[PDB]
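**Q** Protein chains in written order, with the deposited numbering: chain L, 1 to 222; chain W, 1 to 204; chain M, 1 to 225; chain K, 2 to 212; chain X, 1 to 195; chain J, 1 to 195; chain V, 1 to 226; chain b, 2 to 196; chain N, 2 to 196.
Beta carbons are placed, not taken as given, at the ideal position from N, Cα and C, and that holds for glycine.
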Amino acid sequence: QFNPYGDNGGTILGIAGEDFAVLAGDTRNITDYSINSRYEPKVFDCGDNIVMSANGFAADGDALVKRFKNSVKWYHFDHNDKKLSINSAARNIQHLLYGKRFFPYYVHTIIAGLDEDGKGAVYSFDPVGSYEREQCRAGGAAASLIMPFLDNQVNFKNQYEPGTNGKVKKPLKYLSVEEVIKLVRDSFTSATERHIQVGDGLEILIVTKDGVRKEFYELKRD
Amino acid sequence: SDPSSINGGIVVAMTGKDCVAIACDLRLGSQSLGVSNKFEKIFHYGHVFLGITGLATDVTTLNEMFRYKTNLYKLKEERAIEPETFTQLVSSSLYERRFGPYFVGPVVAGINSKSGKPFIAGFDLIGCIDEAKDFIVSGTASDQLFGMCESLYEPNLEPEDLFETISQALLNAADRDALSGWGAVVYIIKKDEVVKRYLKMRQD
Amino acid sequence: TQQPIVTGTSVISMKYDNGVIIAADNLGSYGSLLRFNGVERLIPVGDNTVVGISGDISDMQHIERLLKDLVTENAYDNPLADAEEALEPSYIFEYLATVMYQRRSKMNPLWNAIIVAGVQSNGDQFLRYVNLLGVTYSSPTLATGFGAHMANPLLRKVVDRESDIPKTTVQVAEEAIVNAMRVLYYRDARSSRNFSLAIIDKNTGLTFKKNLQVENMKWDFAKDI
Amino acid sequence: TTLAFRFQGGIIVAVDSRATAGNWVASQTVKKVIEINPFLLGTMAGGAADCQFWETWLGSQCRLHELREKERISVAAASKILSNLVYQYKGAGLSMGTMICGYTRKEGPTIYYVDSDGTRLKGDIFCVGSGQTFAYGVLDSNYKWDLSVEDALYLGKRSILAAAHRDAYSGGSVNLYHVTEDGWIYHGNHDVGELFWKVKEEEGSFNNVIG
Amino acid sequence: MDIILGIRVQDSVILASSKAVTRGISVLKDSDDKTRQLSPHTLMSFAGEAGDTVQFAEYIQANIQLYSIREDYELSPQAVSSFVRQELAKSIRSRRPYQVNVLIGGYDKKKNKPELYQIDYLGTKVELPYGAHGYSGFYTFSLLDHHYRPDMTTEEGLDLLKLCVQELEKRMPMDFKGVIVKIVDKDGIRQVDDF
Amino acid sequence: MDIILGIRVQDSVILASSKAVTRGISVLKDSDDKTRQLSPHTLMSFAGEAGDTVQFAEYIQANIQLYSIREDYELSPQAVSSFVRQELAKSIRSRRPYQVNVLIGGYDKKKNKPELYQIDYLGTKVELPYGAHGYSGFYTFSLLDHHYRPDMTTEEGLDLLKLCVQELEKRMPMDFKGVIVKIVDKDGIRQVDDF
Amino acid sequence: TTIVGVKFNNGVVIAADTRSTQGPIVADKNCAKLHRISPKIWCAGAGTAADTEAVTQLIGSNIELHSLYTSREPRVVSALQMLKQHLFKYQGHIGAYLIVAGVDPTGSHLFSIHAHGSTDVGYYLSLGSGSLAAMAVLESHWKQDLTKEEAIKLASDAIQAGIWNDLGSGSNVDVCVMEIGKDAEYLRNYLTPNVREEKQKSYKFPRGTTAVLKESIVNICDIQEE
Amino acid sequence: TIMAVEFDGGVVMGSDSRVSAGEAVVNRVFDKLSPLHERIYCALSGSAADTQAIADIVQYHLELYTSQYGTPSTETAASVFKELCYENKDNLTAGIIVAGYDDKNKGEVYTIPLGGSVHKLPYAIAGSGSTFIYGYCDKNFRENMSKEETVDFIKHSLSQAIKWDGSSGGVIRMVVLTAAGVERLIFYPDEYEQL
Amino acid sequence: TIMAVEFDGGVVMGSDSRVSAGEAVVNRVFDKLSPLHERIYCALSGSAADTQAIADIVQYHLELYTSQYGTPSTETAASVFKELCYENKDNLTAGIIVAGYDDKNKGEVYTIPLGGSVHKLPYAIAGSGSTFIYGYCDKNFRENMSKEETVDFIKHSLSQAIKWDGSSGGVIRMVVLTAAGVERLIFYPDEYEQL
Ligand SMILES: *C(=O)[C@H]1NC[C@@](C)(O)[C@](O)([C@H](CC2CCCCC2)NC(=O)[C@H](CCCC)NC(=O)[C@@H]2CC(F)(F)CN2C(=O)[C@H](C)NC(=O)CN=[N+]=N)O[C@@H]1C
Ligand SMILES: *C(=O)[C@H]1NC[C@@](C)(O)[C@](O)([C@H](CC2CCCCC2)NC(=O)[C@H](CCCC)NC(=O)[C@@H]2CC(F)(F)CN2C(=O)[C@H](C)NC(=O)CN=[N+]=N)O[C@@H]1C
Ligand SMILES: *C(=O)[C@H]1NC[C@@](C)(O)[C@](O)([C@H](CC2CCCCC2)NC(=O)[C@H](CCCC)NC(=O)[C@@H]2CC(F)(F)CN2C(=O)[C@H](C)NC(=O)CN=[N+]=N)O[C@@H]1C
Ligand SMILES: [Cl-]
Ligand SMILES: [Mg+2]
Ligand SMILES: [Mg+2]
Ligand SMILES: [Mg+2]
Ligand SMILES: [Mg+2]
């Protein structure tokens, strides 16, 4: 019987700062136990200061990014070159995904950029289009290895003030871009060690009021 | 249906500078229903500690079995079984049921009384030994425990730092599994003193 | 939904300093029967692109017609068809990828794995893969079916990362491809000795070699066992 | 776990904030009450996507109603748009359990249970989802018509906490709502992380747990 | 089947167990005692597959009564529960496992302390302040989580159980034809004849 | 499917219908009216799959109300039942059949006679002196076969229905939370409030 | 798993990767797949990790006893035969895939064995998820009259192919060199090409960071005198 | 691909050298001809495990027979194979050709297909490759061929079977069983492909 | 069993004459060589219904072609079969050989297997009986044979296929396609069995 889905592996990571956001993804593409590519970009600048990744089935991920990129083009045409806001982008993507409710895109989607107040925004979706704004989100293969680390090292969970014996929680502060990139790099070093589908390369897209910057880091190739 | 995830729960162990730690959540559920907040998964035979995750009936049966086996070991050898040897006894004992296994994820931790060397080990359900230096994880939130440990863990931690690291690795792993949590215990083990701590964690 | 009937095995390919190489055996298998011994699975498009196809040979013959019909159509009302508005590798690829993903999305796929090998207008090497699922990826080396397991490890010892490409000559690249085809003959139960190889070089153009043979085979050690 | 009950002082609506992918906890901070308009709330249990998509849509149908008829839609009508929509989709595998809670002048305070089998029920009390039985146990055994607004809000919060505790697939926090003739009022987000301990200490309950 | 509750109070244990026996679309009996005295200070309630329930209950009873005669002594609730658990844990890997869940309510005359054990057909044992098997737990656990206190009297214990049966008569689909209630204390086992 | 009874006596048809609505392990509601007035002198009770039951009943109610306006006239009970059977008979060979069973109780003002029609989801129609859908029948048919008389008053037909409801409360596995009872006679449709 | 065995002029060499995995997760980053049946007979295993380890130890034991009863150095053909009759009796249910290699009075030997009980002879062999990657390198570079130095290189290169190109294989290269008239030499972590780089951050927390409900001391010791 | 041919001077056995797992070639230079006695060989086809386990047992049975009753007849070797293959037919995938040279009966060939029946034949072909050469072998076989003719007939036959069968390849090994003893022949791709 | 062979003079097609329904022979003297045009013929293998349905449509299309564009190439006939077979691959069990004679191109053989693929070959074999003659046909086919050599090669080839295949048999019909036109040949069992 023909199976129209596959699994291309990989893992992605979205972190919202105060006046920036990052969307990172390994550049490894796999099927079963074979490597297809050591550098197949998965995180895309979609214009309007929005970065997007659809991790899972690369055919479905590529199709969705393509359709959303088109949606941004047709929004400029239809609404007088108006900037598509991240909250509006997320609602459009909910409709793109839910459109295929009874033959889903097998992807976990994260988008990132700034909200209309200039603050860092991360939104994450299920395959069938359910979605929430979040300070943190890992998706794909190593999501279970990375999320817990981010609950601890981004929203200071299960961390208390020493000598308050659990009365006072560690106060939740915004992180520098330098501190966020460190938690991203450490997340993908850890993920590469303990997951066979993650490795080769790390690509980070950083979104500020000045635009989209890229950083690349080598990962272990085994 | 999948016996290893009816009751739920997790164990983790870690090595430090002349010490080990082993910790477990306290949950026993029947799938969605929480039943008990007091189901400890870490037992001890002399100075050797065994954590066991999986089907709770088997957790209990294996603990009853290894108590039995280490008691006779001690009467005949005239000394307490050491961690290395007990590890072989667990592996032997599980492999005996190769075609009818105990649905468990055992974890051994303890200090060799003669070499002073910290020791940890884990096993699949048919007794394949994993003897990592760094850390061992087991249970319904194993994926999570691997993620927390691999990022948090550094070698040669002092007992009071190690306590923080294994506590934070377990707590944050458990908050991301529906079938773990409901309380937690951490054992800090040195060559001749063992501190047992109950952790304050969320009850959902 | 169908099942593949007459099949072709591995297609194998790599970039080198000044272009790309692609090779594939000349066998149409029929389950375990090695039925058809003169099948050409490298299908050139213009003088700057070769498409290599593995999987169902009925679906390959269809895809070959689609490519012949794409050349005709691009020449229609197009005075620059042999110059600036000639078909590029990247155009031919994107068309195939569109068709493959659309066909899988109607639950009626073209039961194939495809590798588009060519040099662009600007002289850049093009090498991209697509299959019956519409999954696509690029890499300094690409192989299908068995070739993924055995050809890529050998070809990646020559071009492990992008930076290796400009250091790889055509003679080194071709030697690696020829050796890889020998290893696949030894080890793939549905391979043949007889294959085709195409070089697309940004200076010397398209070189298409038919009726190559695996030689320098080691069978000597057999008598001792 | 989600509940809503009618009393002397209007309607109490309370939900947890957990999303599950099998045994994987996907989020602790998810919203399960959609504010359709100032006098109309919808609760969400089931398929995360089915609930978000068809309930923000219901919001759009309710807006078009008031433009077309120059009048805010009856809870009866708002609920029946949704129950007629899921009824169209019956056997296609939509998974939705909702309470449409609101006030209008013609109806008074009104709750309608709507589920993806196409059941639609009016009633004074409902609990919906994996932890409804848990919430039902605390709610049913403390519920009087003549609760104060303060007591009802607390019984609603405590009924969720109860389910947050026992049900493996409920938790995170409690979102609280009070609906009056003057519309809905949000009464905050209460993390079970702090609420379980505060409630245990203050009430002397939850003795089953290591204190 | 379906309704067996246990609550351990200050100085007693209270077992409440449904009177209905239903095969197909008929309630055959409405007065069924789903309990066996194992010893004068240990009572076992049981629910599960037809036949297996009583065959397991009566089997355990006969063993505990044998131990009692042989040693002219009464095993602790802890000892009885451990015996019972091991029997189930042995059954679960048998040709045809006993499909039976039990509560064991006993007064320990040595420790002067009531004890409730909950054991499932797999041999999963836990000591609880309150317990239930099957669907009942879905209602009664969250209820007791709110209303229970360790230092409750037997009279408070019985009021707390009435709350549990009412909640079950309101929200359960089947008619379990009420419960039989029995108190295990320092003076033994007695049936509450009005509930 | 829940419990729905009907019984035609001398000069009225009486419809008794359970109040429980049950979803999995929870009774969501215990006051549900499983009935739509089709016209002033024709009542239809219904039981079957969730959604389908109300959706089918309301659809029929709309269609008869429409007729009643158009002709300024009330279709006979016979005519309404023929209409309802034909919709179900059309429904069974549809893409997704209506999974609903109905009793239609009607007072024909022309012939001055009560009429009870039993119709299953296949469109199987029968005129009966008493009828039931689902497991209810298995107890109530033999019972009414004993007691029922053709010339009974409405009071006698209500006592005869108390017998049927007691037998079901005694021997049925499920708690159906009693019945709402309605009387269709020459003066229309009324509800007994105490039963 | 990727294992190879390569015969040479005066002996046989055996090599393996050092990664053990539970599904797509890595359990042991520096696992040891190179097991000892007798002092001069080593094998390496793929498939069910427990099954291969049980079967090595059981046949290692019986070979040790046989060697004592016969007063002879044990032979590979014996380990081979015992393994294949055990695995065949169990009809594939003992998921043990082994490359077995030794030196004995008869000379140097190299055999493979599959879970169903089939056996294989050759001058080079590969096994596991990585076997096709390894066999590509072996088929490309193997010649008659390999020296010890060439056979180790060819063995490690064949494991490396597995490490890089197979997701089921990774970490380090373990080697054992069994040369005629010499002690077996087991080169644990021969190659070490996958060391984790320094992390950007220490996650050592401040003491007090965790909330504690109850402390207590546990007696590990036996009951004391007086 | 395996065959045996009985000629003037004795008998010749021939095989390909391919062991495959699915479409992967596990060994491309395996020896499928195995000695049972000094001048009694088998050619194995089917499961690698099943054929080897059997061949090992038949070796043992003839070694024991030789110790007790001296050289067994090729017929006796065939019988041992038949007996094993027939009694274990539900768990064996093994197709065997047995060829032998005694001094009384000279060259004999026996074939044992899946069932475990035995067939004495002038020549036998078997294995996946054989299907493609039934026509060629039938039109080319003669009785009373020379050694040079028989080796040629078998070279050509297996040459064709290798070409057409994906489950056959490598070298063609043969074994010549005459009064003079046992001779081992190998033929490589370059020699046989250009036939 | 069907084959076509291209020789000097033109091209020859041949087939067996057996139609079977499981192990029953429904017709033993059927003609499987069907004319598409005056000097273009097809040989049918597969489902009797699917091969007939398709051959009738191809014949229709070439009759239309002939009206409008004149006598079609052998290639063009192959093409129409390819199109039907490929576009309808999920509901067809048909394997077709197409042989014809132009005066430009002379003899031409095309084969369309189950795929819907098309192959131009000097000779082609297909049908169940073809598996057994791959060896024979490969070894015996030369280029530029005479008519009589080509008839012999086919008679020998199909005799083997009939002898070994249970699904083939009866008579061998052939059709010789040359500039002279169309010669129909038949060979009976007593002729070809003794080859
Ligand atoms: C009280 O009873 C609560 N029970 C908990 C609960 C989780 O069951 C739920 O029903 C919530 C309610 C949702 C939460 C999101 C906001 C709208 C209401 N239900 C879920 O969380 C829902 C259950 C799915 C099964 C019915 N979860 C999902 O659908 C999850 C959510 C997600 F994000 F992870 C995505 N998802 C999936 O199932 C996705 C689509 N599937 C996969 O990941 C697997 N497919 N593949 N490959 O809340 C009650 C209120
Ligand atoms: C000529 O006709 C030859 N054609 C090939 C053949 C398959 O018919 C075969 O019988 C060979 C030769 C054997 C070699 C050993 C000595 C006896 C003769 N048979 C195989 O190679 C055998 C075929 C299986 C199905 C017929 N292959 C295997 O047993 C291989 C060996 C193995 F180890 F790898 C495992 N295996 C498997 O088939 C098992 C079942 N594995 C799998 O199915 C999946 N992969 N794995 N593990 O020679 C004819 C004479
Ligand atoms: C040479 O290789 C020939 N092999 C013989 C052959 C019979 O298989 C066949 O393929 C012929 C070719 C056709 C004959 C019809 C005229 C055009 C050429 N095929 C059949 O005879 C065909 C075989 C079906 C299996 C492939 N037979 C039928 O379809 C027969 C005809 C029928 F009427 F009787 C019905 N039928 C059936 O098969 C029906 C459908 N019954 C069954 O399928 C099962 N019955 N039982 N038990 O010629 C080769 C060229
Ligand atoms: Cl195997
Ligand atoms: Mg948890
Ligand atoms: Mg919970
Ligand atoms: Mg239990
Ligand atoms: Mg025949």
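(1) Please identify, using Cβ separations under 7 Å, the residues of the segment 174–203 of chain L that lie next to chain V, in order along the chain.
(2) For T60/W and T124/X, I'd like the C-alpha separation in whole angstroms.
(3) Could you name the residues of chain W that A89/X contacts, counting a contact when the two beta carbons are closer than 7 Å?
(4) Out of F40/K, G212/K, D116/K, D192/K, which one is the CA nearest neighbour of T99/K?
(5) Considering only the alpha carbon of each residue, which of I25/X, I14/X, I4/X, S39/X lies closest to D32/X?
(6) Of the residues that make up the segment 40–70 of chain X, which ones have a beta carbon closer than 8 Å to any beta carbon in chain J?
(7) Considering only the alpha carbon of each residue, which of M44/X, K111/X, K110/X, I92/X lies closest to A132/X?
(8) Measuring only between beta-carbons, confirm whether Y189/b sits less than 8 Å from chain M.
(9) Quick check on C46/L: does DSSP put it in helix, strand or coil?
(10) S84/K: which of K158/K, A49/K, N209/K, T120/K sits nearest, CA to CA?
(11) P190/b lies in the alpha helix (DSSP H); which residues open and close that run?
(12) Who sits around ligand 4, taking every residue whose Cβ is closer than 5 Å to one of its heavy atoms?
(13) What do you get for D157/V, buried or exposed, if any count of 16 or more other CB atoms within 10 angstroms of its CB means buried?
(14) According to DSSP, what are the bridge partners of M14/M?
(15) Measuring alpha carbon to alpha carbon, tell me which residue in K201/V, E185/V, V195/V, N172/V is nearest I3/V.
(16) So what does DSSP say about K121/N, is it helix, strand or coil?
(17) Give a yes or no on whether 8 Å exceeds the smallest Cβ distance from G6/L to chain M.
(18) Quick one: does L132/V have its CB under 8 Å from some CB of chain M?
(19) Would you say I69/J and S39/J are within 8 Å of each other, going by their C-beta atoms?
(20) Between which two residues does the beta strand (DSSP E) containing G189/K stretch?
**A** From the atom records:
(1) Within the segment 174–203 of chain L, contact with chain V at the beta-carbon level (separation under 7 Å) is assigned to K182, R185, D186, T189, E193, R194, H195, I196, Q197.
(2) The residue labelled residue 60/W in the question sits at position 60 within the second sequence. The residue labelled residue 124/X in the question sits at position 124 within the fifth sequence. The straight-line gap from Cα to Cα measures roughly 8 Å.
(3) The residue given as residue 89/X occupies position 89 in the fifth sequence. Neighbours of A89/X on chain W, chain order: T57, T61.
(4) As a position in the fourth sequence, residue 99/K is number 98, starting the count at 1. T99/K has its Cα closest to that of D116/K, out of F40/K, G212/K, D116/K, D192/K.
(5) Counting from 1 along the fifth sequence, the entry for residue 32/X is found at position 32. Comparing Cα positions, the closest option is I4/X.
(6) Within the segment 40–70 of chain X, no residue qualifies.
(7) Numbered from its first residue, the fifth sequence carries residue 132/X at position 132. Proximity to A132/X across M44/X, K111/X, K110/X, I92/X peaks at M44/X, based on C-alpha coordinates.
(8) Here residue 189/b refers to the residue found at position 188 when the eighth sequence is read from its first residue. Judged by the 8 Å Cβ criterion, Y189/b is in contact with chain M.
(9) Counting from one through the first sequence, the residue named residue 46/L turns up at place 46. Looking at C46/L - three-state DSSP - the assignment turns out to be coil, as it is neither helix nor strand.
(10) Locating residue 84/K in the fourth sequence gives position 83, counting from the first residue. Of the listed residues, the one whose Cα sits closest to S84/K is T120/K.
(11) In the eighth sequence, the residue the question calls residue 190/b occupies position 189. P190/b -> alpha helix (DSSP H) spans 190–194.
(12) Here the residues come out as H114/V, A115/V, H116/V.
(13) Start at 1 with the first residue of the seventh sequence, and residue 157/V comes out as number 157. Buried, by the Cβ-count rule.
(14) Within the third sequence, the letter at position 14 stands for residue 14/M. According to DSSP, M14/M bridges with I21/M, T141/M.
(15) Your numbering for residue 3/V matches position 3 in the seventh sequence. Per the C-alpha coordinates, the member of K201/V, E185/V, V195/V, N172/V positioned closest to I3/V is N172/V.
(16) Here residue 121/N is taken as the residue at index 120 of the ninth sequence, counted from 1. Residue state, collapsed to three classes: strand.
(17) Within the first sequence, the letter at position 6 stands for residue 6/L. Judged by the 8 Å Cβ criterion, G6/L is in contact with chain M.
(18) The sequence position of residue 132/V within the seventh sequence is 132, counting from 1. It does; some Cβ of chain M falls within 8 Å.
(19) Mapped onto the sixth sequence, residue 69/J falls at position 69. Mapped onto the sixth sequence, residue 39/J falls at position 39. No. Outside cutoff.
(20) Looking up residue 189/K in the fourth sequence gives position 188. Here the beta strand (DSSP E) through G189/K covers 184–192.
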